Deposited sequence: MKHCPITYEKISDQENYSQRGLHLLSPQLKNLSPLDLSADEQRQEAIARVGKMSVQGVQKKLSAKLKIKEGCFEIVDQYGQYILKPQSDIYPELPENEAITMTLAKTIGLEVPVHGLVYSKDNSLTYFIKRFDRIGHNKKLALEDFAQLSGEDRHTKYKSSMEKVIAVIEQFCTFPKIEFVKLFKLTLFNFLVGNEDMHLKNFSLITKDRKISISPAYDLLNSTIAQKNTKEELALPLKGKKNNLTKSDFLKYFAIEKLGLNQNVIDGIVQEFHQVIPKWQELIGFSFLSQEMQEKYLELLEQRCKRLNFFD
């Protein structure tokens, strides 16, 4: 229907429905084919996924990540449903080339976790038009996902888009705090970094990842780390105003504080 003030595997428990945006009504219409939006209703296994993905998407937009039009609608059972505008559909019924990193590296749905962040860098170097520019946001995207507890960034959640004959990392999609959504969360990262999926430290992100693997200079890293420092106040304000329940909000803030303390954000 219509939106409201929102203008191993984990994702395989939530529906991904196609929908068109009605011209006059402004409401959504779920269709089987030829849709321009993706609708994600509530999951009967993990709680508050639409409200989780909605606020996490807005947090990514605050730190400067390319985020498409997203929001929340009211389902027919009066529950909240998340929607996102597809960036592989661009009006006049035209399409854009979109390929995920499992297709680009020879993997499939069953082995979408059998990779590494170092292989993710290799794909970007091989196919992107400006690999140096893409490494800057891959650093920002990986830092963001670690801070908001997104531990489901497998190969199918990274995608390359071809827009105006320029090949770059697609806008953000499938970004949510998946750590608070489950119990007994096993990993902090979906793909290992420096052979590590848990207990990752500041030197793993800012030294091995940012300097040795991505080739960013110190002033670029310091500017991005400073960017995350000034966004913590606004991040806590947006979460408190989100549509998450108070119990889900407290789990979000506690996990955000824990990851910030690990990266020495408060000292």
Regions left out of the model, expressed as runs of the deposited sequence counted from 1: 1-2, 10-52
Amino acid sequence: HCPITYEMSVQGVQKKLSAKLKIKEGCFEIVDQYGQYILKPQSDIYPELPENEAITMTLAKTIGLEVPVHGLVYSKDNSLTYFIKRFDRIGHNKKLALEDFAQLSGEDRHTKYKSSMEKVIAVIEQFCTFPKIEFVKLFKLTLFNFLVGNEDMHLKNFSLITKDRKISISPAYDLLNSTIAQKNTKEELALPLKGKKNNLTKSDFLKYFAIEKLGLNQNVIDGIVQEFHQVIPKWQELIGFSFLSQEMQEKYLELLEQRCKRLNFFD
From here on, numbers count along this sequence of modelled residues.
Quick check: 33-41 versus 214-222, which has the larger average CA B-factor in the record? 214-222
Looking at the entry, does 229-237 or 52-60 show the higher mean C-alpha B-factor? 229-237
Which one of 174, 125, 188, 99 shows the biggest C-alpha B-factor in the PDB entry? 125
Between 170, 115, 75, 145, which one tops the list for C-alpha B-factor in the PDB entry? 75
Where does the C-alpha B-factor of residue 91 rank in its chain, lowest, middle or highest third? highest
Could you look up the Cα B-factor of residue 206 in the entry and say which third of the chain it sits in: lowest, middle or highest? middle
Among all modelled residues of this chain, ranked by Cα B factor, put residue 15 in the bottom, middle or top third, i.e. lowest, middle or highest. middle
Per the entry's values, where does residue 256 land by CA temperature factor relative to the rest of its chain, in the lowest, middle or highest third? lowest
Residue 246: CA B-factor among chain residues, third -> highest
